[PDB]
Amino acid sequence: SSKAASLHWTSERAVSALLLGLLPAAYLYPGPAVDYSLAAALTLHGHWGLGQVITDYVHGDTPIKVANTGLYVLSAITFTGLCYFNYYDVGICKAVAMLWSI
């Protein structure tokens, strides 16, 4: 829209807040629904957040295009691997619990 920048700022805040609610959810109702919500929310929030770092620190049309393109690849591979881990392995919530039992 013509309000693209304000909608993005609002969406960033909504995803932060969702991710904040997933932390109590993971501890209280761990399971596949949480595991994939964390997969989606963790990838989206970090993709948006890393994009702000790129916007602040990277200058020039080509370096900007390269950083943002590398970031999409990083984010797309990140989300796939997290979904991979949730489907073929123990999933995020169980992994954390297993790590903490060490």
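One rule holds for the numbers: they count along the sequence shown, beginning at 1.
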item: Higher-B stretch (mean Cα B-factor, as the entry records it), 60-68 or 41-49; value: 60-68
item: Average Cα temperature factor in the PDB entry - higher stretch of 24-32, 50-58; value: 24-32
item: Ranked C-alpha temperature factor of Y84 among modelled chain residues, by third; value: highest
item: Third assignment of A97 from its chain's C-alpha B-factors; value: highest
